[PDB]
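As structure tokens, one chain now follows by itself in the form deposited in one PDB entry.
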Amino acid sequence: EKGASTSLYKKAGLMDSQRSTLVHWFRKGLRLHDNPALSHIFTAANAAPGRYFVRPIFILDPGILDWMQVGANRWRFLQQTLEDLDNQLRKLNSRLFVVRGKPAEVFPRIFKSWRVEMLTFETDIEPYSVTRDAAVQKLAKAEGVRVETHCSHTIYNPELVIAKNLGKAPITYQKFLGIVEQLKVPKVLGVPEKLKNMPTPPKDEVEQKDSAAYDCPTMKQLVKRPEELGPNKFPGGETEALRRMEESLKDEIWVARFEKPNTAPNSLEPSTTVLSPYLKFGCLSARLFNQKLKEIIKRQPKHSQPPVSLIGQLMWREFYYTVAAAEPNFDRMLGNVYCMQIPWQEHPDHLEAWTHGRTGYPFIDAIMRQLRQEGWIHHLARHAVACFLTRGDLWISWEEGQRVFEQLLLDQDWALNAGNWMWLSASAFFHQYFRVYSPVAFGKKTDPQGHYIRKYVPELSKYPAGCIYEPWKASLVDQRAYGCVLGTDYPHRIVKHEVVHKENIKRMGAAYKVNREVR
């Protein structure tokens, strides 16, 4: 009987050559938890153990760099995320395969060599993803590969929101809420089960030439300019995502009473959750986070509501996802159905100054430096610098600010970055352009001593709180006494806010009329 059982597994070792492959394709959805596309594959494999190999893949795609600027800090985040993801898949008797190449070229090969029966992935609405996925579905159809996609990057499916709103994406938040209240949310899933009867798949032609061909990229492979790395304040991956979420949810009174407008842009520690990079890469399920918040809200029936509550912030994400789904030119002014056409000026020197936090406005400069160094800044810090760049002071296109954020943010999100840049430039969604953030006054409310400025603009760290926000008010002798002379150790302010913002408000009114008269 022991002899018999031995004969059985020896024979099955030949049978293994006859297996087809089930592929889950990670792009976002970079997590095991609440991942229906992944769970699909793992359930299919375990429902028929012996029949399939499982290949969880991430395609490290050179085409991304034709579309997106990616700074060193975000490359490091991705490196860490893929490593965490392989660690978690290992626990399930699997692993991550990181296939280098463009999807259009990779998929023809692997469909054939792995004998792929089914491919799953989490859907996405970005133009890159739309064109990519269309090409892959086309190829899978031709090649007879079953493709099942799942919508789980968002709580609501943009397509279904647009359908329920009679074919149009809602363009106001309250209307969006009224629509999504009528939609059901799928069940939030746990991590998939361990794979049964899953020997490692046989090496393909690539693996045969280099056994490490699909192994997780190193820092050296992914970060080509490590001199641009800052402190690793927000480590990548689902494990860190979940730890951070549980920590952020620990104070249920803080959660229950959360109002975004009352959180500081310049607290030295984040005043909000900093779950955004995790949500952006899919290291954290938005649907799980929402579920967790809802549990807390049950226990704390006295709680804040949208727009300002924590659930409210998730809904903003959903909101911008839906409007972005409907408009591939979401990230440009021209041809963007939502966007006010505003004659922004080009000014290379001012853009450079803003980009590198050398505007001569300490608050603005502090924020831009934190962003560059750390890759996260608070929402209202983003407001301050985005308003400054666009309608507030420099009159430079929101698209140029978008580009800088796109490089520097760990949470860089096509829809969210574009949506909020339009908001802040009063190009779309927000239209009360008479409200202009003051680069001098805005930060004072939450940091009267200027601690944040003293940290990120250390050259000004000896200035009295009375002029650290407005160092040009200090005489030359006082500047010398504070160890920082304007024009020498810190730049002269590149524009005068008190003049230019009034001029820009007039320009905004004139642009608005032109746009009105087109309709």
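We call the rigid core the largest set of C-alpha positions that still match within 1.5 Å between the two forms. Residue positions are given as counts along the sequence shown, with the first one as 1. Only residues modelled in both forms are compared.
Higher average CA B factor: 181-189, of the stretches 181-189 and 265-273. Higher mean CA temperature factor, per the PDB entry, when comparing 151-159 with 138-146: 138-146. Listed residues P439, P199, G237, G71 were ranked by CA B-factor as deposited; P199 comes out on top. Note on the listed residues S94, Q412, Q300, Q373: the highest Cα temperature factor in the record is that of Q300. Per the deposited record, the Cα B-factor of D365 falls in the lowest third when ranked against the other modelled residues of its chain. Among the modelled residues of the chain, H40 sits in the highest third by CA temperature factor in this PDB entry. Sort the modelled residues of the chain by CA B factor and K164 lands in the highest third. For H492, the recorded CA temperature factor ranks within the middle third of the chain's modelled residues. Sort the chain's modelled residues by C-alpha temperature factor and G29 lands in the lowest third, per the entry.
If you look for the form deposited in another entry, you will not find it shown, but the lines that follow are about it.
Rigid core superposed between this form and the one not shown, residues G50, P491, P464, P62 considered: the one with a C-alpha shift of 2 Å or more is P62. Distance between the C-alpha atoms of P217 and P62: shorter in that other deposited form than here (change of 3 Å or more).
An increase of at least 3 Å in the separation of the C-alpha atoms of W67 and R317 is found in that other deposited form, compared with the displayed form. Once the rigid core is aligned, the segment that moves between this form and the one not shown, defined as three or more consecutive common residues whose C-alpha shifts all reach 2 Å, runs 61-68 and is the only one.
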